[PDB]
């Protein structure tokens, strides 16, 4: 059976799938992955055949911080669906797939699946959505009124057979979500076509030899993820906040920034562009994180409290949520100072009550499926559909 995974080129939107791809293959299913070259090694390691599309999205964190002019930045994902559909058509012309699985922003995978009337499962790598819970601000539901400005540029080259924008908000037969249903916002509103398996961890690209036995001293991880990590000011404040302190600190600065471009690295710090986050959290006593869903779930999967410094709306939702569920503290940026970094690491470390809350989220996130349940919910959907 040929399963075709369609996704954007983004670590946070593609890493959960890797563990999934490893399982489907272990079940004797050919899995093809429509990605760029940046991800073909990760996809190839899981067992997928990478099939490449030349892409229109930004990958380098520098390019994501600039092109923050916000001229309908949401449209990017639409235009990208319209660049990617033609190339998916060609990639699979004589390799039609039995099952298309597409990430919630890879609309190209929806259109492509419609156009071939092939079964389609939707992976939600962030919060899922439905008729009740539409995620987004006042200003981000009033931006899908400028999504319609481009939707009247849909009749400038081709046409829609009828209404086709209420069919991108609408969920599919099976919608796998990579958090536990408790952590989903408006959980109760989500019916049985949503399947909340929590974090989908497995093997990752071999990162550098970062052995870190630490000692009888506590270990803190610092990372703003893989896209909104282009903030030199923050990485200096962390060095100022925790140099030569109780804490052993491992800080990922992303690909936007030189570990030599900073102040000289304290004896207690390790500083890299990239760390093996799953390995570090196996030893971390605290994680200063940006509230990426992968990071938030990888933390809870390791029993690791959270200081959440969100960069984007999606991330502020996850940041409020972590506070509301008392799984750590919400520290806003443009409120982030060296004193405030210290106050929060203080307030979260040695709150035994808070630590017990994430120790039970550790259970609650593993009690959900994982990649195994998702691969079961997938194959079962294959037999049925």
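Residue numbers count along the first chain shown, from 1.
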- Query: Can you tell me which stretch has the higher mean Cα B-factor, 366-374 or 9-17?
  - Reply: 366-374
- Task: Name the higher of the two by mean Cα B-factor in the PDB entry, 290-298 versus 135-143.
- Result: 135-143
- Item | Residue of maximum C-alpha B factor among 83, 96, 186, 252, per deposited coordinates | 96
- Message: Quiz for you: based on the deposited Cα B-factor, which of 237, 281, 162, 197 is highest?
- Response: 162
- Message: For the chain shown, is the CA B-factor of residue 123 in the lowest, middle or highest third of its modelled residues?
- Response: lowest
- Message: Please say which third, lowest, middle or highest, residue 181 falls into when its CA temperature factor is compared across its chain.
- Response: lowest
- Query: In terms of the CA temperature factor given in the entry, to which third of its chain does residue 50 belong: lowest, middle or highest?
  - Reply: lowest
- Message: Using only modelled residues of the chain, where does the Cα B factor of residue 352 rank: lowest third, middle third or highest third?
- Response: highest
- Task: Compare the C-alpha B factor of residue 192 with those of the other modelled residues in its chain, then answer lowest, middle or highest third.
- Result: middle
